[PDB]
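> Below you will find the structure I want to go over with you.
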Amino acid sequence: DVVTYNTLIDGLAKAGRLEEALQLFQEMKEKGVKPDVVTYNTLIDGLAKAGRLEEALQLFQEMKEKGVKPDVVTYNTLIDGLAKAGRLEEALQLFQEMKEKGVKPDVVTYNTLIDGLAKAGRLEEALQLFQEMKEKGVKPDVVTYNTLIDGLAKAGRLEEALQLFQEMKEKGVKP
Amino acid sequence: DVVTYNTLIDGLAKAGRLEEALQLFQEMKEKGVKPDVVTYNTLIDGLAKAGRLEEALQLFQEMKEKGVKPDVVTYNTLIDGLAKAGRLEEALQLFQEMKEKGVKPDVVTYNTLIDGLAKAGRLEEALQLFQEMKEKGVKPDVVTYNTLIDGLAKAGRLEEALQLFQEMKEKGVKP
Amino acid sequence: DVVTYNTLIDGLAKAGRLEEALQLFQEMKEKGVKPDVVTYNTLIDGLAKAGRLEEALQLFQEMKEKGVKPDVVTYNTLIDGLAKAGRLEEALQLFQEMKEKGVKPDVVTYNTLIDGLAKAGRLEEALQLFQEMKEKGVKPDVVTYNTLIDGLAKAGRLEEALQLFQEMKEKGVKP
């Protein structure tokens, strides 16, 4: 039943043994044992960690078609694989979708996007999101702060970098 | 006579009306109408279902002193209340006693113990009992298999989990 | 004469030697020595005890045709063989006939019927008869009480079972 399969698939995915995990996945479906949320999340996360981001994205679509519901970890893993691969438009698109589904962004969500964006010259959108992060009562950190600070410094914007630096120390975030 | 009392006590215990069932029990003894095996089993099972496992255990002792004989249901109910309360040493002790009395463990007996043990890290004893279960010609199932499989997976022992998984499918036990 | 025959037939029937008892019966008739009430009752009771309830019923009919009168023992034996064989409609029919003949039901009559009925789900008729039993000034007992109590308990009707239980103890009938 789903519990036998989920435990094996989850253990194999943790060990990086994704070919076996995916095979048990396929086997599960064939026996008419129904994959659920946690089946999907474990596979997606294993594929994304292993560079196999196209297959992680297909499973995510398949998950949505079967009426199995994505959650903040689904979204965060995908958004993070996409952001790390330079695939920022698609990472932003999933961020907007997560919000339309009423699944709520958290600080891990904001940082990967801010960071990916600060990699392109997309500093104004990086800052816009940093702003948004706060107003949705989500709370920053050293990683967040440094990429903004490095972004702004790189772009000539020393005054605003120095100013985020002071804000950072007031918030108790350790430079 | 014992039949009037056993029927009322049994019906009250089934309805969860254990205070009344125990009162009729006490009344029975006072009139010198003798409680028997089935008097005891019904009370014990009702107490154990209702969380009242200390009183179930006292009745079980009382039963043994009065020369009324415990059987596999007595033992299974107790062992199962104990195992579900974390009280594994005492559950194991009753399992050994059941065997010394020549009352024979069955698949329900083995599963609760395997399961309780797989909850502690007691996976080797879980497996030892699973082994024993087979050699005394007692026959496993999905519940049995899954807790072992989940136990082994939790403990890094993926190869043995996968291997029980295949054994499970050969035996016609449906994952 | 009838006294020679009745004594032998009665003694043979008591010893279970029903083939010989029936043969002497037949012999009696052939000599034009007239069977009477007690001839019939002894045969019927022997046949009914020996499982030969169809022949007991035929003799009973024959008895009625010859103008020999059935009495409460005739009726009770038949009603009891019928009730014990599951043949409850016919047992009830003889009970009604006994009453129309002005032969009066007693506590043995009521118990077998109550009991047979409580075997089918016929608990309301069991209770109706228990009621009737009392109003015709016929007096209950442990057997009566227990089958009612067990009947009611089996049928979810714990409150009424417990209530008959208390009634039982007030009447001095020992549970």
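In the structure tokens, chains take letters A, B, ... by order of appearance, with residues numbered from 1 within each chain and ligands from 1 in the order shown.
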Could you give me, as a CSV table (one decimal) with N, CA, C and O atoms, in the first residue's frame, the residues within 9 Å of residue 138 in chain A, counting only C-alpha atoms and dropping anything in the same chain fewer than 3 positions from it?

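This went into result_36.csv:
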chain,number,residue,atom,x,y,z
A,105,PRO,N,4.7,31.7,0.4
A,105,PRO,CA,6.1,31.9,0.4
A,105,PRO,C,6.7,32.0,1.9
A,105,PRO,O,5.9,32.6,2.7
A,106,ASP,N,7.9,31.6,2.1
A,106,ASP,CA,8.6,31.7,3.4
A,106,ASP,C,10.0,32.3,3.1
A,106,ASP,O,10.2,32.7,2.0
A,107,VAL,N,10.8,32.4,4.2
A,107,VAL,CA,12.1,33.1,4.0
A,107,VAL,C,13.0,32.3,3.0
A,107,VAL,O,13.8,33.0,2.2
A,110,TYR,N,11.9,33.5,-0.4
A,110,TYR,CA,12.4,34.8,-0.8
A,110,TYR,C,13.9,34.8,-1.1
A,110,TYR,O,14.3,35.5,-2.1
A,132,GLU,N,8.7,43.1,-0.3
A,132,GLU,CA,7.5,42.3,-0.2
A,132,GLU,C,7.7,41.3,0.9
A,132,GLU,O,6.8,41.0,1.7
A,133,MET,N,8.9,40.7,1.0
A,133,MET,CA,9.1,39.7,2.0
A,133,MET,C,8.7,40.2,3.4
A,133,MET,O,7.9,39.6,4.1
A,134,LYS,N,9.1,41.4,3.7
A,134,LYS,CA,8.8,42.0,5.0
A,134,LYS,C,7.3,42.3,5.2
A,134,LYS,O,6.8,41.9,6.2
A,135,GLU,N,6.7,42.9,4.2
A,135,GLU,CA,5.3,43.2,4.4
A,135,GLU,C,4.3,42.0,4.5
A,135,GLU,O,3.2,42.2,4.9
> List as a ChimeraX atom specification the protein and nucleic acid residues near residue 53 in chain C, meaning an atom at most 10 Å away when only C-alpha atoms are counted, but skip any in the same chain fewer than 2 places from it.
/C:44-51,55-59,77-78,81-82,85
> Report as a list in words the set of chain B residues whose atoms approach chain A to within 8 Å, with distances computed over only C-alpha atoms.
residues 146, 149, 150, 153, 154, 158, 161, 162, 174 and 175 of chain B
> Can I get the selection written as a tab-separated table (two decimals), in the first residue's frame, with N, CA and C atoms?

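After the write, again_3.tsv holds the following:
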chain	number	residue	atom	x	y	z
B	146	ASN	N	5.24	-4.06	6.80
B	146	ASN	CA	5.53	-2.61	6.79
B	146	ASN	C	6.30	-2.02	7.98
B	149	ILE	N	9.78	-3.09	7.46
B	149	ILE	CA	10.33	-2.36	6.31
B	149	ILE	C	10.58	-0.96	6.75
B	150	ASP	N	9.60	-0.38	7.45
B	150	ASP	CA	9.85	1.00	7.90
B	150	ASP	C	10.95	1.01	8.92
B	153	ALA	N	14.34	0.58	6.97
B	153	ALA	CA	14.63	1.81	6.23
B	153	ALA	C	15.09	2.89	7.23
B	154	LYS	N	14.31	3.16	8.27
B	154	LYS	CA	14.72	4.22	9.25
B	154	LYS	C	16.15	4.05	9.72
B	158	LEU	N	18.54	-0.35	4.06
B	158	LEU	CA	17.77	-0.26	2.88
B	158	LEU	C	17.79	-1.57	2.17
B	161	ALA	N	15.59	-3.89	3.88
B	161	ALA	CA	14.15	-3.50	3.73
B	161	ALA	C	13.58	-3.96	2.34
B	162	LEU	N	14.35	-3.66	1.29
B	162	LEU	CA	14.02	-3.98	-0.13
B	162	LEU	C	13.86	-5.47	-0.31
B	174	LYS	N	0.07	-8.00	-0.12
B	174	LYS	CA	0.00	-6.83	-1.04
B	174	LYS	C	0.61	-5.60	-0.41
B	175	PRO	N	1.74	-5.13	-0.98
B	175	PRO	CA	2.30	-3.89	-0.49
B	175	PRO	C	1.26	-2.79	-0.47
> From a DSSP calculation on the backbone, collect every residue of range 30-167 of chain A in alpha helix (DSSP H) and output the set as a PDB file with C-alpha atoms, in the first residue's frame.

ATOM      1  CA  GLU A  30       0.801  -0.209 -12.214  1.00  0.00           C
ATOM      2  CA  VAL A  37       1.788  14.153  -1.885  1.00  0.00           C
ATOM      3  CA  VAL A  38       4.716  12.738  -0.065  1.00  0.00           C
ATOM      4  CA  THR A  39       5.458  10.202  -2.891  1.00  0.00           C
ATOM      5  CA  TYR A  40       5.804  13.177  -5.272  1.00  0.00           C
ATOM      6  CA  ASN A  41       7.793  15.455  -2.934  1.00  0.00           C
ATOM      7  CA  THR A  42      10.409  12.890  -2.203  1.00  0.00           C
ATOM      8  CA  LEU A  43      10.949  12.086  -5.895  1.00  0.00           C
ATOM      9  CA  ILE A  44      10.977  15.727  -6.893  1.00  0.00           C
ATOM     10  CA  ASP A  45      13.410  16.635  -4.228  1.00  0.00           C
ATOM     11  CA  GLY A  46      15.692  13.743  -5.148  1.00  0.00           C
ATOM     12  CA  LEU A  47      15.612  14.603  -8.845  1.00  0.00           C
ATOM     13  CA  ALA A  48      16.234  18.304  -8.176  1.00  0.00           C
ATOM     14  CA  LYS A  49      19.231  17.507  -5.882  1.00  0.00           C
ATOM     15  CA  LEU A  53      15.450  19.250 -12.920  1.00  0.00           C
ATOM     16  CA  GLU A  54      13.487  18.593 -16.138  1.00  0.00           C
ATOM     17  CA  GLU A  55      12.197  15.344 -14.719  1.00  0.00           C
ATOM     18  CA  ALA A  56      11.455  17.019 -11.366  1.00  0.00           C
ATOM     19  CA  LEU A  57       9.294  19.548 -13.258  1.00  0.00           C
ATOM     20  CA  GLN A  58       7.436  16.821 -15.158  1.00  0.00           C
ATOM     21  CA  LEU A  59       6.636  14.975 -11.972  1.00  0.00           C
ATOM     22  CA  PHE A  60       5.340  18.206 -10.453  1.00  0.00           C
ATOM     23  CA  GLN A  61       2.963  18.668 -13.399  1.00  0.00           C
ATOM     24  CA  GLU A  62       1.908  15.029 -13.129  1.00  0.00           C
ATOM     25  CA  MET A  63       1.273  15.493  -9.436  1.00  0.00           C
ATOM     26  CA  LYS A  64      -1.098  18.455 -10.201  1.00  0.00           C
ATOM     27  CA  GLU A  65      -3.027  16.539 -12.848  1.00  0.00           C
ATOM     28  CA  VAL A  72       5.715  24.900   0.240  1.00  0.00           C
ATOM     29  CA  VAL A  73       8.416  22.281   0.107  1.00  0.00           C
ATOM     30  CA  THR A  74       7.429  21.147  -3.425  1.00  0.00           C
ATOM     31  CA  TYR A  75       7.546  24.778  -4.556  1.00  0.00           C
ATOM     32  CA  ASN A  76      10.726  25.685  -2.679  1.00  0.00           C
ATOM     33  CA  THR A  77      12.733  22.773  -4.074  1.00  0.00           C
ATOM     34  CA  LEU A  78      11.661  23.547  -7.608  1.00  0.00           C
ATOM     35  CA  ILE A  79      12.098  27.204  -7.279  1.00  0.00           C
ATOM     36  CA  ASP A  80      15.479  26.600  -5.792  1.00  0.00           C
ATOM     37  CA  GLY A  81      16.654  24.155  -8.562  1.00  0.00           C
ATOM     38  CA  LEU A  82      15.406  26.629 -11.170  1.00  0.00           C
ATOM     39  CA  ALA A  83      17.070  29.639  -9.541  1.00  0.00           C
ATOM     40  CA  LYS A  84      20.363  27.822  -9.227  1.00  0.00           C
ATOM     41  CA  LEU A  88      14.786  32.672 -13.205  1.00  0.00           C
ATOM     42  CA  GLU A  89      11.690  33.368 -15.305  1.00  0.00           C
ATOM     43  CA  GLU A  90      10.343  29.968 -14.612  1.00  0.00           C
ATOM     44  CA  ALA A  91      11.336  30.228 -10.846  1.00  0.00           C
ATOM     45  CA  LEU A  92       9.362  33.520 -10.715  1.00  0.00           C
ATOM     46  CA  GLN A  93       6.458  31.935 -12.482  1.00  0.00           C
ATOM     47  CA  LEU A  94       6.259  29.116  -9.938  1.00  0.00           C
ATOM     48  CA  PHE A  95       6.488  31.758  -7.097  1.00  0.00           C
ATOM     49  CA  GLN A  96       3.491  33.570  -8.517  1.00  0.00           C
ATOM     50  CA  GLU A  97       1.645  30.216  -8.949  1.00  0.00           C
ATOM     51  CA  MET A  98       2.461  29.139  -5.357  1.00  0.00           C
ATOM     52  CA  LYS A  99       0.783  32.444  -4.257  1.00  0.00           C
ATOM     53  CA  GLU A 100      -2.256  32.034  -6.440  1.00  0.00           C
ATOM     54  CA  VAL A 107      12.114  33.103   3.999  1.00  0.00           C
ATOM     55  CA  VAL A 108      13.768  30.244   2.074  1.00  0.00           C
ATOM     56  CA  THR A 109      11.426  31.191  -0.867  1.00  0.00           C
ATOM     57  CA  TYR A 110      12.354  34.835  -0.806  1.00  0.00           C
ATOM     58  CA  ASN A 111      16.158  34.257  -0.511  1.00  0.00           C
ATOM     59  CA  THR A 112      16.626  32.035  -3.494  1.00  0.00           C
ATOM     60  CA  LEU A 113      14.682  34.374  -5.701  1.00  0.00           C
ATOM     61  CA  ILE A 114      16.433  37.508  -4.322  1.00  0.00           C
ATOM     62  CA  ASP A 115      19.665  35.853  -4.799  1.00  0.00           C
ATOM     63  CA  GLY A 116      18.919  34.590  -8.339  1.00  0.00           C
ATOM     64  CA  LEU A 117      17.706  38.021  -9.266  1.00  0.00           C
ATOM     65  CA  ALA A 118      20.701  39.816  -7.791  1.00  0.00           C
ATOM     66  CA  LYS A 119      22.811  37.558 -10.112  1.00  0.00           C
ATOM     67  CA  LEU A 123      18.446  44.468  -8.407  1.00  0.00           C
ATOM     68  CA  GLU A 124      15.276  46.507  -8.401  1.00  0.00           C
ATOM     69  CA  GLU A 125      13.172  43.323  -8.487  1.00  0.00           C
ATOM     70  CA  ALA A 126      15.527  41.789  -5.877  1.00  0.00           C
ATOM     71  CA  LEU A 127      14.669  44.820  -3.642  1.00  0.00           C
ATOM     72  CA  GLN A 128      11.070  44.797  -4.525  1.00  0.00           C
ATOM     73  CA  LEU A 129      10.922  41.220  -3.345  1.00  0.00           C
ATOM     74  CA  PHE A 130      12.930  41.982  -0.200  1.00  0.00           C
ATOM     75  CA  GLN A 131      10.344  44.681   0.525  1.00  0.00           C
ATOM     76  CA  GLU A 132       7.523  42.298  -0.198  1.00  0.00           C
ATOM     77  CA  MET A 133       9.132  39.701   2.003  1.00  0.00           C
ATOM     78  CA  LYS A 134       8.812  42.037   5.008  1.00  0.00           C
ATOM     79  CA  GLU A 135       5.273  43.238   4.366  1.00  0.00           C
ATOM     80  CA  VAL A 142      22.780  36.970   6.563  1.00  0.00           C
ATOM     81  CA  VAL A 143      22.430  35.270   3.206  1.00  0.00           C
ATOM     82  CA  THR A 144      19.607  37.706   2.243  1.00  0.00           C
ATOM     83  CA  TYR A 145      21.421  40.863   3.386  1.00  0.00           C
ATOM     84  CA  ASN A 146      24.753  39.837   1.829  1.00  0.00           C
ATOM     85  CA  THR A 147      23.525  39.242  -1.685  1.00  0.00           C
ATOM     86  CA  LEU A 148      21.594  42.504  -1.596  1.00  0.00           C
ATOM     87  CA  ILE A 149      24.645  44.242  -0.142  1.00  0.00           C
ATOM     88  CA  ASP A 150      26.920  42.665  -2.667  1.00  0.00           C
ATOM     89  CA  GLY A 151      24.412  43.386  -5.425  1.00  0.00           C
ATOM     90  CA  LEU A 152      24.151  47.050  -4.506  1.00  0.00           C
ATOM     91  CA  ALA A 153      27.844  47.535  -3.991  1.00  0.00           C
ATOM     92  CA  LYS A 154      28.555  45.910  -7.429  1.00  0.00           C
ATOM     93  CA  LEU A 158      27.214  52.092  -1.958  1.00  0.00           C
ATOM     94  CA  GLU A 159      24.943  54.355   0.059  1.00  0.00           C
ATOM     95  CA  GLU A 160      22.075  51.886  -0.076  1.00  0.00           C
ATOM     96  CA  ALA A 161      24.401  48.934   0.567  1.00  0.00           C
ATOM     97  CA  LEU A 162      25.775  50.653   3.771  1.00  0.00           C
ATOM     98  CA  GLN A 163      22.279  51.467   4.793  1.00  0.00           C
ATOM     99  CA  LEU A 164      21.125  47.794   4.513  1.00  0.00           C
ATOM    100  CA  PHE A 165      24.276  46.892   6.430  1.00  0.00           C
ATOM    101  CA  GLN A 166      23.121  49.078   9.401  1.00  0.00           C
ATOM    102  CA  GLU A 167      19.569  47.681   9.138  1.00  0.00           C
TER     103      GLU A 167
END
> Hey, which of A:34, A:171, A:122, A:66 ends up closest to residue 155 in chain A? Count only C-alpha atoms.
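Ranking A:34, A:171, A:122, A:66 by distance to residue 155 in chain A, first place goes to A:122.
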> Please compute the CA of residue 170 in chain B-CA of residue 139 in chain B distance, one decimal, in Å.
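Computing it gives 13.3 Å between the two atoms.
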> To one decimal place in Å, what is the distance between CA of residue 17 in chain C and CA of residue 36 in chain C?
19.7 Å
> Go ahead and compute the interatomic distance for CA of residue 121 in chain C and CA of residue 169 in chain C, in Å to one decimal.
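If I compute the distance from CA of residue 121 in chain C to CA of residue 169 in chain C, I get 25.6 Å.
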